[PDB]
Structures are given as C-alpha cells and as structure tokens.
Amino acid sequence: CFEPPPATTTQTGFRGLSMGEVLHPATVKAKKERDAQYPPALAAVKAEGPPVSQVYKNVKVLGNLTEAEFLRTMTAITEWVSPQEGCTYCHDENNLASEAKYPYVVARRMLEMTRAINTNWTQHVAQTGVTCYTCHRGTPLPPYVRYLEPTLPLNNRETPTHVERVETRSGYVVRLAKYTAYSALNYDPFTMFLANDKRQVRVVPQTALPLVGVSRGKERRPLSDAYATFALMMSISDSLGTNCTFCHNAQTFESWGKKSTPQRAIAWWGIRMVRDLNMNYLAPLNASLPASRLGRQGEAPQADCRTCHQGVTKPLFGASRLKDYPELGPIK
C-alpha cells in the first residue's frame, strides 16, 4: 500500500513550481544492481592482420575487422544475446559460414540495426550509444517487447496467468491498463504512435482562438486524440520511471522554450528513433522468424521506450561500451 521515507527529489523547474523527479531510494537501487550486471568490455586486441572478408567465407557486415577483432565482437555478442546457449545458438556447430539457423540472419540485421542506432540517432543516444545488451540483457528474446496488442506481464521472463494471457478476452482492460501506468485510458499508444509514423502526437492548438475551417464538425480532430496522447505519456513516464515535470511545465504542455526541458527534445528524437526501428528493422523480421515468436496477426516483436530504458531515464544509467566496441558504431 505504501513506501517508507525519505524520498529522493530533484529540481527541473524554477523554484516553487513543484517540478522534478520523485524517487524511492530502495527502488532506484533495485534497478542499479540489475543494470550493473552489464558485462565489462573485453580487453582490446591486436589491430594488425588481414580483414575477415578475405579470411572468412560468409561475412557481409563486419568485413573490415581483423580476425582477432572479429572473434572479440562474436564473444561480446555471445555474452549479451545468448550466453547460456553459446555460439551454437546462431551457428551450425560444424559450419560457422552456414546460415541454417534463423538467429544468424536475424543477428546480421540486428548488427545492421545496432550500427544504425549509434550512427544515425546520436540526437537521442548521444555518446552513450547502445549495444546488443541494452535490449537483450542476456537472453535471445529481450525482456520488454511489444506486439500489435497489449500483453502481460511486461517482462516476458515471467509466467502470465490465464487472465493475463492474450487469448482471454476478460483481461483486455487490465492488459491495456498496466501499459498506461494503471489508467483506464481506452487506447493502445504503442500501435497508435510507435508502430509507425502515421499519427500525430500533438493535439493542443497553438492559437488562443479557434481557427476557422478546422474548429467545427467533421473538420475537427475527435477528443479521442487527446486521450490517446495522454495514454502515450503515461506509457513514456512509466517506461523511464519518471513523471511529467521531467520534460514539461504543466502550465503549458504544448509550449517549448523555457516551458520544456532538454530531456523533452531528446524524448522527441526517441519517438522518431523508435518509429524507425519498428518500421525498417524490426517488423520486417516476421518473415525470418518462426511463428512461435510471432503475434496473432503475423507480426514480429517490436520495441518501445521500456525496451532500452526499463524503468530508468538513462538505459543502464548511461553506461557505455561505445569506445570499447567501435565496430558497432558510429560508422563514418
């Protein structure tokens, strides 16, 4: 029912606006130990040697790396994605140049995706960047993924009840609710706003008065749009383990400048980056994945803000392996 004091509070607005984070120190810690599990960077290796495009047979992405650097990349990959299963999870045990198992072809596209994130999205990921670990956390299937309908629990390493299961229609509202910070908001903000770029998040007018020609009748955006945008924000808030005042001055949610924080602009690239991963990298993987991984509409698992952030404003508290593994990005 309740959480014992003290609380940990910061300030993001002008004194006396009640803007800032509210954190429970023990929870902040329960996350910190879980994000610390991050495997340390494998010791740097011999730079000299022939490229693996010549050395090996079936290298379509990492060809400009020397063999010594190439196997270090593979080991690192193995730590982050399938450390229980070892190399054999993607590879034919006898033939390492064969594409028999699907995690191989999927991993090459993942390799291409991870390099895209670090290279074409520094507006969001900055110098921290991402690795295979940011999402996977040591399992082939990342803990937090999204289908074209809400599913439970949010952590797919946990067993759902019959009610929590997607076949059971009677838990739909609850499935919906837990994705929107326990609200009754009757909108799936993932499939609406993050699954593609078809919808517009902003709903507030930027004029004091109603503009003629869009203010009456069928010319109007339905009020539902306001509900749905709110839904997305509850989801964004719960995903990063924060609140509205981290990015907005509630006085006016619509206004930038002094009324917004730098984090809001970073969040703005977040929406663009998530959309890009879903449309161009993640959703097309449905053809390459077996049905047991797919959703009820034949879709592949896609990512949201939680996938990387997992309850934290910085994924893994700004832990980076960018310099240590340069082959994963940026690419000049």
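For clarity, a rigid core is taken as the largest C-alpha set superposing within 1.5 Å between two forms. All residue numbers are counted from 1 along the displayed sequence.
Choosing between 60-68 and 41-49, the greater Cα displacement from the shown form in 8 other deposited structures of this protein, fitted by the core, goes with 41-49. Per the PDB record, of the two stretches 189-197 and 147-155, 147-155 carries the greater mean B-factor over its C-alpha atoms. Annotation for 134-142 versus 83-91: the higher mean temperature factor (C-alpha) is found in 83-91. Based on the entry's C-alpha B-factors, the most elevated value among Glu299, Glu48, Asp276, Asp304 belongs to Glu48. Residue set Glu112, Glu164, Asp225, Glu254: peak C-alpha B-factor at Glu164 (per PDB entry). Compared with the other modelled residues of the chain, the Cα B-factor recorded for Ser53 ranks in the highest third.
Sorting the modelled residues of the chain by their CA temperature factor places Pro210 in the highest third. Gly270: CA B factor in the lowest third of modelled residues in this chain (values from the PDB entry). When the CA B factors of the chain's modelled residues are split into thirds, the value for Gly129 lands in the lowest one. Ranked by C-alpha B-factor against the other modelled residues of its chain, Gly241 falls in the lowest third.
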